[PDB]
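No value in this document is a laboratory result; all are computed from the given coordinates. Cβ coordinates were reconstructed from backbone atoms using ideal geometry, including for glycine residues, and neighbour counts include every protein chain displayed.
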Amino acid sequence: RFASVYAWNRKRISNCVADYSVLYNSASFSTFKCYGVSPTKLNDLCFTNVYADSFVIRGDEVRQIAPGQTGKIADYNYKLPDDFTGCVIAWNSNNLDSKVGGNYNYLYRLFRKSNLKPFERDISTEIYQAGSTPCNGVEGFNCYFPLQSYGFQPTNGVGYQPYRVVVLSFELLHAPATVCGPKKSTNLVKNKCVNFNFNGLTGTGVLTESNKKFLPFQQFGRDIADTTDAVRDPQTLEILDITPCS
Amino acid sequence: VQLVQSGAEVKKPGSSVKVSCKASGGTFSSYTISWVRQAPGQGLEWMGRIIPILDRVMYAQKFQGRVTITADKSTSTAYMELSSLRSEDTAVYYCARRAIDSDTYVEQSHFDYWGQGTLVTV
Amino acid sequence: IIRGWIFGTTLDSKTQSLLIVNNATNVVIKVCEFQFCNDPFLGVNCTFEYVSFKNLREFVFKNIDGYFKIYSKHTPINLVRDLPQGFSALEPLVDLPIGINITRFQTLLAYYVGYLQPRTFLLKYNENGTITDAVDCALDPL
Amino acid sequence: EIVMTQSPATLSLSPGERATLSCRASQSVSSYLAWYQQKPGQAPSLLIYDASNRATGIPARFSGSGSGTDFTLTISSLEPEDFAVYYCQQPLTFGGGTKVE
């Protein structure tokens, strides 16, 4: 279940590995539009936080969840800032969200007295005055319940079929990164002159077994000249002395 | 912007009547259809109305619980059914239209066209 | 009785603060706008949440660039009046990427509190990486 | 509902004379008042909308004014064909109607 667009949902994603290879390479998505970032470089990014916006809209409304957009959805249901950083992802959900009699459990705001600000949600049921006479909270002549249900049906043309749309919004520099993509490792090769990188510790040398005993906390050591003496491997905690290449 | 109503019918008290009006195609995208009744020898009374662009219906209080108003978008036809009829319900049932703004939903209070009216005898 | 500490600034139980305390057999570490008891008794919006005399538990705490650093060591005691002397170094346990300031804290129920300052030390290491001794370089002429 | 009263129930004029009709509502509708002219055998014909605006196809002899709860229809000079029953309509209700003879 996705929220309706007016009843927008927001999941907070923190303290995790942001593996996006599952999303940017997905063939199930018709839209994968990244703003300020490249889809295939998402795994190289770090965020303070990622927020996931999860909701259902019509196919011709997919373009509205974007920076620079206006319209009933872009202005009354949900706005993205013009300088938005993140990716807008969408796919057809006609076989999930449409219902034969119309999936009218999903609604969008048709009436509002003003436009939304970026990341603002509006779930008010206040009766909108379209005309000149007061409504006093009651539906009637030129007085409306602000939400409009969607006639999502399996027989709708594509522009009227439901789409599941997810926006991954990127939060930076408010706090340290807690969300980072995955880091790809290689095989560990011993008794060769190599260019190495153990997590963040780099250099050139020959890796051989060490007779050192590190305290559980200590991952690598230092010689009297403060050069790297040995490095304990990140996957298996073996300590390897680093011999300079002759 | 024409409207053609069905002809007269005679009903037994306690039975229902379903009155229908056919609008020119395209009416439902820019107009709402309201129902007005006129008992013989009487003035006009408003019964209710449908807005095809909102799927909303408003009713006169005296007919709440007695009258159902709907429309068939594929046939440009407005419908009204009175569930249980009494002799005081004899009237000409008219359809008439009010334009509506599809962006703001501001509806007109006046009718720029009336059908000929359908007489239902009870 | 001591099961933890609350660290933060305003600590008014309205803004977010860091709570580190035993919760049954697990320790819970969280930063939230939690309505704290002003003085809690342990009987018989959020940023994050994580769930894991007799003897002495020594700790050192510092907060660097939004990272709360937690260190400790445990040692046996046969004393009933004051803290033992001698030398050991505390080991880091936890490093929390929170992004908040800490200026004040509360103990959650003998307890002792000192303060840290930027002294230089000469540290003596063992053959296995253990710190076995230290010289406080600002203590005296020797 | 909105109770509407029209006054007088009947008027008696010669063709060529000026006539006005009064309408009062128990509730304000701002300007949302429609005036209709009904003749026997016909559905009511819109004369004026939104209290004072003349309807398309309606001759200049028809005019009007009003707001809120109090409205007036003016026929500057009645033609032999204007001895009709006039009605005041608001979005929810109608008045009883006034006959000009």
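Derived scalar couplings between HN and Hα for region A:8-22 equal 4, 9, 9, 8, 8, 10, 8, 6, 7, 9, 7, 8, 9, 5, 6 Hz in order, rounded to whole Hz, by the Karplus curve 6.51 cos²θ - 1.76 cosθ + 1.60 (θ = phi - 60°), x for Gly and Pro. Which of rounded, prolate or oblate describes chain C when judged by the alpha-carbon gyration tensor and an a/c cut-off of 1.5? Prolate. Note on D:87-100: average number of Cβ atoms from other chains within 10 Å of each residue's Cβ is 5. Here the protein assembly as shown has an Rg and Dmax of 39.9, 129 Å, counting Cα atoms alone.
Our Cα-only numbers for region D:4-100 put the radius of gyration and Dmax at 12.2, 35 Å. For region A:160-246, applying the loop criterion from DSSP together with a ceiling of 12 other beta carbons within 10 Å to the chymotrypsin sites (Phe, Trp or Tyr not before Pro) yields A:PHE217. Here, P(r) means the percent of Cα pairs in each 10 Å bin from 0 to the largest distance; for chain A it is 7, 23, 22, 16, 11, 10, 7, 3, 1, 0. Close amide H partners of D:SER45, meaning residues 5 or more places away or on another chain with modelled amide H under 5 Å apart, are D:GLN37, D:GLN38, D:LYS39. Potential lengthening of the chain between C:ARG81 and C:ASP95 amounts to 1.7 nm, from the contour at 0.36 nm per residue minus the alpha-carbon distance.
Going by a ≥ b ≥ c, the root eigenvalues of the Cα gyration tensor, does region A:76-182 fall in the rounded group (a/c under 1.5), the prolate group (a/b larger than b/c) or the oblate group? It is oblate, given that a/c is not under 1.5 and a/b is not larger than b/c. If you plug the beta carbon distance of D:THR74 and A:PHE217 into 1/(1 + (r/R0)^6) with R0 = 56 Å, you get a FRET efficiency near 0.05. In order along region A:36-48, the Karplus-derived 3J(HN,Hα) couplings, from 6.51 cos²θ - 1.76 cosθ + 1.60 at θ = phi - 60°, round to x, 10, 9, x, 8, 10, 5, 6, 9, 9, 10, 9, 5 Hz, and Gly and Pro are given as x. Once the trypsin sites (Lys or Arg not before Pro) in DSSP loops with at most 15 neighbouring Cβ atoms within 10 Å are cut out of chain A, the longest remaining piece is A:2-98. Free of any GluC sites (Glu not before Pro) that DSSP assigns to a loop and that have at most 15 other C-beta atoms within 10 Å, the longest stretch within chain A is A:1-119. When shorter helices are ignored and each DSSP H run of at least 4 residues is given -39500 (n - 2.57), the per-residue value for the protein assembly as shown at 222 nm works out to -500 deg cm²/dmol.
Specify, per residue and in Å³, the volume enclosed by the convex hull of the alpha carbon atoms belonging to region A:1-137.
Values: hull volume 18.8 nm³, N = 137.
In region A:1-137, the Cα hull volume divided by residue count equals 138 Å³.
For the segment B:99-112, counting C-beta atoms of other chains within 10 Å of every residue's C-beta and taking the mean gives 6. Scalar couplings 3J(HN,Hα) for region C:83-97, obtained by applying the Karplus form with A = 6.51, B = -1.76, C = 1.60 to θ = phi - 60°, are 6, x, 10, x, 10, 7, 10, 7, 9, x, 10, 9, 9, 9, x Hz; x denotes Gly and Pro.
For region B:43-122, the Cα gyration tensor yields ellipsoid semi-axes of 23, 14, 13 Å (square root of five times each eigenvalue, largest first, whole Å). Less than 5 angstrom separates the built amide H of A:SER4 from those of A:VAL56, A:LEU107, all sequence-distant by 5 or more or on a different chain. Over 26 Å apart at the Cα level, from the set A:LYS99/B:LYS73; A:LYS11/A:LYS72; A:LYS113/B:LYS22; A:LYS213/C:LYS62; C:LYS14/C:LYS62; A:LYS192/A:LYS212, are A:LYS113/B:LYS22; A:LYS213/C:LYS62. Note on D:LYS39: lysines with a C-alpha under 19 Å away, same-chain residues under 8 apart excluded, are D:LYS99. Please work out, to two decimal places, the log10 of the ratio I(q)/I(0) at q = 0.15, 0.19, 0.20 Å⁻¹ from a Debye calculation in which every Cα of region C:38-82 carries one identical scatterer. Computed log10 I(q)/I(0) values: -0.78, -1.02, -1.04.
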